[PDB]
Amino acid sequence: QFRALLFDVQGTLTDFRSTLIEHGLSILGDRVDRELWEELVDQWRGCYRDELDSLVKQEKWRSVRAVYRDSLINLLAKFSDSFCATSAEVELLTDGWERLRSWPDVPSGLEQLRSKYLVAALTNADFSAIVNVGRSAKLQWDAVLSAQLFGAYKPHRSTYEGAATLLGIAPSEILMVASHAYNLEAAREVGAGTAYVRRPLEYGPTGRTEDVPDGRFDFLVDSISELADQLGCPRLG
């Protein structure tokens, strides 16, 4: 039925919240407390989502590293009574988005899927970032696709459709994998299969997550391994 699985990366396969929290504390040290840096990370991710949504509505693209970098400079000004950062440290902190750590089910899950399927990443992150993230998150791909190649961000149909022609595959023979329900419904409209992955800690324990019911998508799983088990991929020794 399926020849390839297209994967969302940030959140679906990677714990960016814990990554960026421990990334900033390691750089900033005691100049900022943990409780306050966790709140900057949350607002950081929120500024990225608000900006991309705005750029999608404008049908515009720009570097996601510039999106992270600019939105951190704006938050640092808002948090400037509590702590401070140099221009060099601003770049090092932004680099944390290219050092994402994967969820413990992802590397072995990806390995299990390759026995019958091609696996490729389709992220809004810049091409350089997802290549880097592959090292820090131990993601192993047949192909790496970014919103940078298509000039537009998900859920724009040019991204999903473009990924299909580049891979030589029909959308109906691609399984889109994401922990974000809105952009999974957009894969459905272009004709792709849909697999939702529950990530209760994507936005932390205090985060409200999307309640998705059984039957809305083709698959509903808590781990890539489970998805591989449901697709008929044999487990690893």
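Don't overthink the numbering: it's just position in the shown sequence, from 1.
The question of which stretch, 206-214 or 47-55, has the higher mean Cα B factor is settled in favour of 206-214.
Highest C-alpha temperature factor among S128, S102, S146, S108 per the entry: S108. Across the residues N132, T123, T94, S82, the deposited record lists the maximum Cα B factor for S82. In the PDB entry, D33 places in the highest third of its chain by CA B-factor. Ranked within its chain, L175 lands in the lowest third, by CA B factor from the PDB record. Annotation for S136: CA B-factor lies in the lowest third of the chain's modelled residues. Ranked against the other modelled residues of its chain, the C-alpha B-factor of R62 as given in the entry falls in the highest third.
Remark: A186 belongs to the highest third of its chain, ranked by C-alpha B-factor as recorded.
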